[PDB]
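Right, one structure below, let's go through it.
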Amino acid sequence: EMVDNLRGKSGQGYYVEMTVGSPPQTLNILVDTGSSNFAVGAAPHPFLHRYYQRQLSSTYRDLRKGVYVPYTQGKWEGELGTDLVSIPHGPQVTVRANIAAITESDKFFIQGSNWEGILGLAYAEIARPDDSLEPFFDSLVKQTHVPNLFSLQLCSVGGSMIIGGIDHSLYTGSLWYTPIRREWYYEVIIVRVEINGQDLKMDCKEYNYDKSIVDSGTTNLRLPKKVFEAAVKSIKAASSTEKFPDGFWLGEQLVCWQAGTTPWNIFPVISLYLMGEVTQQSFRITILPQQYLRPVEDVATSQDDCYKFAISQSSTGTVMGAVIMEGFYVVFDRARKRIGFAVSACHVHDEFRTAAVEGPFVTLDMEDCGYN
Ligand SMILES: CCn1ccc2c(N3CCCC3=O)cc(C(=O)N[C@@H](Cc3ccccc3)[C@H](O)CNCc3cccc(OC)c3)cc21
């Protein structure tokens, strides 16, 4: 009953329905594996269709402490409190959880997005103000019998968040696991990057400077500057049969083709190799251009299909965002400190190429690829 419990708009995150307070107030909450605070709009905002009204909840408790959270995109400030929370299309339980009531924000809420809050699914180590603010999923596991694991199938868009287990109907083929290196973000280690089979030929620590994370709340694949520059050079080379403005590669400009004529075949597949659970072993996930060229829906331009380049540069490490996760079934196996990847039931492919998760591969270079 948790299948298809996610909705969203392309480029604007995926959200699940939740209720907060007594009596229950229904809100749509963005699912974010890249942070650890549960926060909801709690005052009027031009982009909010509704918001949390603390005065109407008999179970609300004020913690008398403010909190400020700046993300890569957007920021908000609010008041900490606790209240009862449920997930209508998830496990049928009610938990008391920490909630940040957002009273002020900047470039956080999105015009027309349909969500009103955010559910940080990562570890307490990156919770604000500090790690004593227990994250939602931690409270869920401690207060119920839900297994310490969840999975995401991200596919107007939709998908599934399966709390407490793995749904086999949501993937095909084998599940490959990579270790969670450190429990703060969902940090992983990339050991190799290929563009159309060609190795970027870089010290593998560069791929993980200064960390690499799996983040459902970020749209793009974000790469460390040095890796980004090398990747763009190789994607340009592969696609050189057409020449695009430098602004396209910087994600500042759309590229458009007559409806139905997008030249998918001139763009390369990107393979990211992730550390396996065994010494010097890895597996790879392969991303097609249908993933990293993000469609931008706009009726004004609808004579064409137009796209934004959804790989961009980072000064804070690699972020495997929604563009990478889409078309894969991703298991956040907290209990066993590992992340699993499999090909999703809602996968990308044309008649020539298919996204894949495959292995094992072996590396002769014994260098640890973790940056720290
Ligand atoms: C879905 C909306 N959206 C669209 C683009 C886009 C985007 N960017 C910017 C450039 C390329 C790219 O993809 C970045 C973010 C982003 O910052 N996401 C947040 C959640 C969020 C969701 C919705 C709105 C605002 C924030 C996430 O916690 C970040 N994790 C690591 C992170 C970074 C910094 C602090 C931190 O604290 C926990 C966590 C959201 C984006």
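Numbers for residues simply follow the sequence, beginning at 1. Numbering of ligands and ligand atoms starts at 1, following listing order.
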N/O to N/O under 3.5 Å, ligand 1 against protein:
unit_1: ligand 1; atom_1: 13 (O); unit_2: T219; atom_2: N; d: 3.3
unit_1: ligand 1; atom_1: 13 (O); unit_2: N220; atom_2: N; d: 2.9
unit_1: ligand 1; atom_1: 17 (O); unit_2: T72; atom_2: N; d: 3.3
unit_1: ligand 1; atom_1: 17 (O); unit_2: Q73; atom_2: N; d: 3.0
unit_1: ligand 1; atom_1: 18 (N); unit_2: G217; atom_2: O; d: 2.9
unit_1: ligand 1; atom_1: 28 (O); unit_2: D32; atom_2: OD2; d: 2.6
unit_1: ligand 1; atom_1: 30 (N); unit_2: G34; atom_2: O; d: 3.2
unit_1: ligand 1; atom_1: 30 (N); unit_2: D215; atom_2: OD2; d: 2.6

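The distance from atom CD of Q153 to atom CD of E326, rounded to the nearest 0.5 Å, is 11.0 Å.
Members clustered with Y68: none, using a 4.5 Å side-chain heavy-atom cutoff among hydrophobic residues. Think of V278 as one node in a network of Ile, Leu, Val, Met, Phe, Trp and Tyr side chains linked at under 4.5 Å; it has no links at all. Under the 4.5 angstrom side-chain criterion for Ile, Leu, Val, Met, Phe, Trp and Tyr, the cluster partners of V296 are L254.
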Item to check | Criterion side chain to side chain donor-acceptor pair (under 3.5 Å) on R334 and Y186, from CA distance to verdict | outcome: CA-CA 9 Å; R334 293 155 59 94; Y186 288 102; 3.0 Å; yes
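Annotation: side chain of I339 is not in contact with side chain of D333 (no heavy-atom distance under 4.5 Å).
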